[PDB]
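Given next, in C-alpha cells, is a single chain: the form deposited in one PDB entry.
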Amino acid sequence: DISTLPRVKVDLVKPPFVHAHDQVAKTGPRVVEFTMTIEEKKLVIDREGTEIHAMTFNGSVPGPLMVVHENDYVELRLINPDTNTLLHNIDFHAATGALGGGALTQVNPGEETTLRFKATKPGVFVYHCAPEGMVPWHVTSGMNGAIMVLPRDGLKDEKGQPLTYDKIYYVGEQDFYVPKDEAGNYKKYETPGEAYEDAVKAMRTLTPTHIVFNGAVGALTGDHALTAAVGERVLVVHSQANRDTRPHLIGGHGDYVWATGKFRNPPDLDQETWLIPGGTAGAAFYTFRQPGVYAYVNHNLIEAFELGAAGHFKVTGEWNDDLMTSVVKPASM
C-alpha cells in the first residue's frame, strides 16, 4: 500500500551539482517527490554568440540529476507553463511500461501531470523528452537529464566491498545541430517552430555543429571548473541521450567505471577511456593523487577541442614526485 509509505519532497539543484542524498539508505522504501518545470528559452552556446532555442527541464541543459534508492517510488510533478509553445512529455529509462512514462505525461502549454513509478533496477539512467513525431528535435535541443538509482547498501567494488564517494558531479553532454547558411554561418530564429524544418535537415547530416558539457562551450572551465582535493574520492556521472561519447580524464583514470551505468554489474578497473553509448548514462569513480588542473574530455579530440566537449578539474594538494617528476626541464640541447 503506497498510502502507508513515508514521503519526502526533494528540491533539485542545477548541474553539475547534485541534490543532497544518502549513499547508504537509512530508511526503508519511500515515495520521493520531485517537481520539474519545463522552460523553452534562448541559450547562447559558444564564444561567438551562437544562439539556440533550448528546451529544458528546470531551465538547465542537462536537466537536474535525481537520486533515489532501489525500490523507492519516484513521483514526478511535471509542469508545462503556458508561456511555452510546444507539447512535451518525459521518458525515464529507469521506468517500466508506457514508453518510459512518455505515453502518460503529454502536457500542452498550461498543463501539468504527476507520474509515479517504482525504481526496480539500480544504476544511472537517462530521462528525456519524447513527443511523438518530434523526439530527436526535443532531445537535441537539450531536453534530457539523468536519474541515479543507488543500491540500498551503496556502491561496491569488483570484490563486493563498499565504495564511498566524497563528491559527486553530473556532466550532461549535448550534441547540437545548429542550421547553417550557405557560407557556414549559424542561423538565428525568433521562435522554436520557425527552426523546425531547418533543424531536421541539420540533424539528418548526423554531424553535430557543437558538442558541449553543461549547455555551452567552456561551461565547466575557468571559475566553473569542477573542484577536488588530493585524496578525495569523486563520482562523475556522465550522460549522452543521443550520441556515443568516450570520456577521459587527462592526467587521471577511471579507477572504477560502470560504462553502461548499471550497478548490479562489476565495474571495469583502471580505464583510460570508456565508451558511453548514445542513450545511456555511465559513472566513473576516481581518487585524485596529484594536484593541479585536469581536463575532462570526450576523447574524440576533434569533438573535445574543436566542437566544445571539454571541461576542467582544479585539484589542490601536495605534488607527489614518486608518481611523476620532470628530471630535466625543457632546455636547449
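Numbering starts at 1 and runs along the sequence shown. Between two forms, the rigid core is defined as the largest C-alpha subset superposing within 1.5 Å.
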Worksheet item: Taking only the CA atoms, which stretch has the higher mean B-factor in the record, 213 to 221 or 234 to 242?
Response: 213 to 221
Item to complete: Averaging the C-alpha B factors as listed in the entry, name the stretch that ends up higher: 137 to 145 or 181 to 189.
Response: 181 to 189
Worksheet item: Looking at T105, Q174, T83, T120, which has the biggest Cα B factor in the entry?
Response: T83
Worksheet entry | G49, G278, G308, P62, ranked by C-alpha B-factor: the highest one | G49
Worksheet entry | Third of chain Cα B-factors occupied by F313 | middle
Item to complete: Report the third (lowest, middle or highest) to which the CA temperature factor of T27 belongs, ranking only the modelled residues of the same chain.
Response: highest
Worksheet item: In terms of the CA temperature factor given in the entry, to which third of its chain does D91 belong: lowest, middle or highest?
Response: lowest
Worksheet item: How does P151 rank on Cα B-factor within its chain, lowest, middle or highest third?
Response: middle
Practice prompt. For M36, return the chain-relative third of its C-alpha B-factor as stated in the PDB record: lowest, middle or highest.
Written response: middle
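The following text describes the form deposited in another entry, which does not appear among the structures shown.
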Fill in: Mobile residue between this form and the one not shown, C-alpha criterion 2 Å or more, rigid core, from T113, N108, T164, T191
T191
